[PDB]
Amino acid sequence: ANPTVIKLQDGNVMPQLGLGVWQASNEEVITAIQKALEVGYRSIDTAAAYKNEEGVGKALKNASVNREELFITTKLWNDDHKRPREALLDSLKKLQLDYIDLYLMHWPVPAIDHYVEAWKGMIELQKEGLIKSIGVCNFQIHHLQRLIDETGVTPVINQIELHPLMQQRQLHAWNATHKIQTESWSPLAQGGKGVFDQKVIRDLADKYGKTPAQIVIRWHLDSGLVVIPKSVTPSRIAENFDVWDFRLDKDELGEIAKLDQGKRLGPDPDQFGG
């Protein structure tokens, strides 16, 4: 089978599986992306706060894949909410791109409460064609309503922490109802601790001849989620992409559903930045 794509509410199309690039050094970043593009990834996710957009930009030039075939995502950092134009141009410059495929607000930072300002600015940069699609990361239902109520413009993506231990059934449901595509970061529950070692996952891994990480990524896919596993290890970047030759059954998905503990492993959307 071919890697699937998802059509966003604004009509733009996005690969359902992409590579997340975080903290890492330029060395790790350039090598990771070269490996991912080589194996088939067409979606690369980075952030201005990680300080490696330049490395990401250099890897894209070096690559043979054409720009138009690449779906690049970057994000607006917390202390730039009042100046999205300045932040975006700085990103586009470092990435060596004329436009970004998806621009996401990294965090709402409700304590500062400038996320509405950021969104209005993003709405304007999108009109000028510098951004194809706009969305957010780590936005809770009330943050989303506030954006909708104040601008009439709904995000096409809400990138949130979601894995077998915190399935976010509620936010996922709410996103979908409002035509917002849910995207998972930390899809492997940072390491797999409390997941890969579960009987349901292990048996699935053995039935399909896949690694537990491959089972979990397939789970995100069959759940209709866009997923961004993060990795800078060549063999794992490849492993995580080898999930197109099988699908989990309704019953198998139901079995994984029992793992939900509502356990958040990363920063708290309602407190981070405050």
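Residues carry their position along the shown sequence, with the first being 1.
Participant: May I ask you to compare 86-94 and 152-160 by their mean CA B factor in the entry and name the higher one?
Facilitator: Averaging CA B-factors over each stretch, the winner is 86-94.
Participant: Read off the CA B-factors in the entry, average them over 116-124 and over 195-203, and name the higher stretch.
Facilitator: Per the PDB record, 195-203.
Participant: From the list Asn52, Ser235, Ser223, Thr31, select the residue with the highest C-alpha B factor recorded in the entry.
Facilitator: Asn52 has the highest C-alpha B-factor of those listed.
Participant: Hey, out of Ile44, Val65, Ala47, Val227, whose CA B-factor is highest in the deposited coordinates?
Facilitator: Across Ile44, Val65, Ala47, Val227, the entry lists the biggest C-alpha B-factor for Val65.
Participant: Where does the C-alpha B-factor of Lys58 rank in its chain, lowest, middle or highest third?
Facilitator: Ranked within chain, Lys58 CA B lands in the highest tercile.
Participant: Give the position of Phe241 by CA B-factor within its chain, expressed as the lowest, middle or highest third.
Facilitator: CA B-factor rank for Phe241: middle third.
Participant: Comparing against every modelled residue in the chain, figure out the third that the C-alpha B-factor of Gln261 lands in (lowest, middle or highest).
Facilitator: Tercile = middle for this residue's CA B-factor.
Participant: Going by the recorded CA B-factors, say which third of the chain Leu130 sits in, lowest, middle or highest.
Facilitator: Tercile = highest for this residue's CA B-factor.
Participant: Going by the recorded CA B-factors, say which third of the chain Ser186 sits in, lowest, middle or highest.
Facilitator: It belongs to the lowest third of the chain when residues are ordered by C-alpha B-factor.
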